[PDB]
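**Student:** Line order of the protein sequences matches chains A and B. Numbering (the working numbering) for the first sequence: 38 to 263. Numbering (the working numbering) for the second sequence: 134 to 139. C-beta atoms are modelled at their ideal positions from N, C-alpha and C, and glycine is treated no differently.
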Amino acid sequence: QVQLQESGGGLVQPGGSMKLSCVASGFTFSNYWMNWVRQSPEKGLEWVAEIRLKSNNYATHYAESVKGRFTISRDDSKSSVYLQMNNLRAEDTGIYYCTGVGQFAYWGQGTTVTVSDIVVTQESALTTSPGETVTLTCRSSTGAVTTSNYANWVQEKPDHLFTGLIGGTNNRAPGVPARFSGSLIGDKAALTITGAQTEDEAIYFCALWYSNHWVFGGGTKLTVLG
Amino acid sequence: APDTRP
Ligand SMILES: *[C@H]1O[C@H](CO)[C@H](O)[C@H](O)[C@H]1NC(=O)CF
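#1: Say whether chain B places a C-beta atom closer than 8 Å to the C-beta of A/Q140.
#2: Does chain B have any CB closer than 8 Å to the CB of A/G219?
#3: Say yes only if the C-beta of B/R138 is nearer than 7 Å to one or more non-hydrogen atoms of ligand 1, and no if none qualify.
#4: Chain B partners of A/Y187, CB-CB under 8 Å?
#5: Which residue comes first and which comes last in the beta strand (DSSP E) that contains A/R111?
#6: Can you look up A/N72 in the DSSP assignment and give me helix, strand or coil?
#7: Per DSSP, what kind of secondary structure is A/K80 in: helix, strand or coil?
#8: Grouping DSSP H, G and I as helix and E and B as strand, with all else coil, what is A/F64?
#9: Looking at chain B, is there any beta carbon in it that lies within less than 8 Å of the beta carbon of A/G137?
#10: Look at A/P167 and A/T235 and say whether their C-beta atoms are less than 8 Å apart.
#11: Would you tell me roughly how many angstroms separate the C-alpha atoms of A/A226 and A/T260, rounded to the nearest one?
#12: So A/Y134 is in the beta strand (DSSP E); what residue range does that whole segment cover?
#13: So with CB distances below 9 Å, who are the chain B contacts of A/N68?
#14: Using beta-carbon positions only, say whether A/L82 and A/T148 come within less than 8 Å of one another.
#15: Are A/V152 and A/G254 close, meaning C-beta to C-beta below 8 Å?
#16: On the DSSP bridge assignment, give the partners of A/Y143 in chain order.
#17: Over the uninterrupted beta strand (DSSP E) stretch that includes A/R176, give me the two end residues.
#18: On the CB-based measure, 16 or more other CB atoms within 10 Å of its CB, does A/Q38 come out buried or exposed?
#19: Of all the options A/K80, A/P214, A/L262, which has the alpha carbon lying nearest to the alpha carbon of A/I203?
#20: Thinking A/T257 and A/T172 are a contact (beta carbons under 8 Å), I'd like their distance in whole angstroms, please.
#21: To the nearest angstrom, report how far apart A/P51 and A/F199 are at their CA atoms.
#22: Helix, strand or coil: how does DSSP classify A/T184 here?
#23: Give me the subset of the segment 52 to 66 of chain A whose CB atoms are less than 7 Å from a CB atom of chain B, sorted by chain position.
#24: Listing by chain order, which chain B residues have their CB less than 9 Å from the CB of A/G205?
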């Protein structure tokens with residue numbers, strides 16, 4: 038079992054600053070890029086920043102909306118990643134998660150920060166029954182999804198608990214059940230549950246890579262009835 | 134292109 042544990046959130050004023058931390062265990066932290074992703078009720082899941090390896094001179098990339106305000110950093114000797122947030126706006130309100138590995142297998146529990154273009158489209162909702170085959174899809178406004186978009190699929194359950202299921206289009210994350218599969222189908226990425234189970238009732242997000250950033254979809258609510 | 138280490 039991998040663990041990621043975030044800390045440092047709170048209740049801050051517009052214009053304020055804050056630093057978030059995340060400490061990792063159970064995997065070789067220094068061999069993997071790390072990311073910060075935030076969830077807000079209005080804007081959904083939003084990728085914020087990545088930091089690469091020592092051998093990449095710790096290269097970083099940022100969402101356009103935080104560029105020049107946020108700084109991501111890491112300390113491999115403490116297995117920790119940080120996000121320094123300056124000039125906070127109301128818009129920055131959300132739950133902040135550190136996440137990485139192939140490419141979003143592992144997620145921390147999140148830390149809440151309250152301050153007071155490519156579109157990726159998913160089905161808003163789908164309804165199935167136990168034992169059915171259900172396929173969720175992820176389309177890009179740019180055109181076709183290909184293997185160069187490295188489609189990831191992540192599952193959210195109560196309460197704001199995330200786990201990665203699929204990365205690199207069709208690679209199952211370790212310990213992910215066999216009933217989950219990733220594919221490319223008619224120029225969309227797709228997640229298939231072959232024999233849905235009641236516990237699969239959840240929100241499913243896709244993420245697509247465009248050269249030096251991730252764009253998350255809006256999520257699909259999957260209901261499993263009967 | 135992203136982190137494709139397994
Ligand atoms: C991951 O595969 C991608 C292409 O899909 C690139 O070849 C990266 O360099 C690969 N990274 C690694 O093998 C490092 F783990």
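**Tutor:** In brief:
#1: With its beta carbon less than 8 Å from one in chain B, A/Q140 belongs to the interface.
#2: Using beta-carbon distances, A/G219 does not count as an interface residue toward chain B, since no partner is under 8 Å.
#3: A distance criterion of 7 Å places the beta-carbon of B/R138 in contact range of ligand 1, judged by its closest non-hydrogen atom.
#4: Among the residues of chain B, those whose CB is under 8 Å from the CB of A/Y187 are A134, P135, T137, following chain order.
#5: Per DSSP, A/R111 is one residue of the beta strand (DSSP E) stretching across 107 to 112.
#6: DSSP places A/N72 in strand when its eight states are reduced to three.
#7: Coil, per DSSP.
#8: In the structure shown, A/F64 sits in coil (DSSP, three-state: anything other than H, G, I, E or B).
#9: With 8 Å as the cut-off, A/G137 counts as an interface residue toward chain B.
#10: Cβ atoms of A/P167 and A/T235: closer than 8 Å.
#11: Cα to Cα, the separation comes out at about 20 Å.
#12: Per DSSP, A/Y134 belongs to the beta strand (DSSP E) from 131 to 137.
#13: At a beta-carbon threshold of 9 Å, the residues of chain B lying near A/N68 are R138, ordered along the chain.
#14: No, the pair does not count as a contact, with Cβ atoms beyond the cut-off.
#15: Taking 8 Å as the Cβ cut-off, A/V152 and A/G254 do not qualify as a contacting pair.
#16: Answer is A/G137, bridged to A/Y143.
#17: If you look at A/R176, you'll find it in the beta strand (DSSP E) that goes 170 to 177.
#18: That one is exposed.
#19: It is A/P214.
#20: Not a contact, Cβ separation roughly 11 Å.
#21: Rounded to the nearest whole angstrom, the CA to CA distance from A/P51 to A/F199 is 28 Å.
#22: Here A/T184 sits in helix by DSSP.
#23: Cβ contacts with chain B come from no residue of the segment 52 to 66 of chain A.
#24: Against chain B, a Cβ distance below 9 Å from A/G205 picks out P135, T137, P139.
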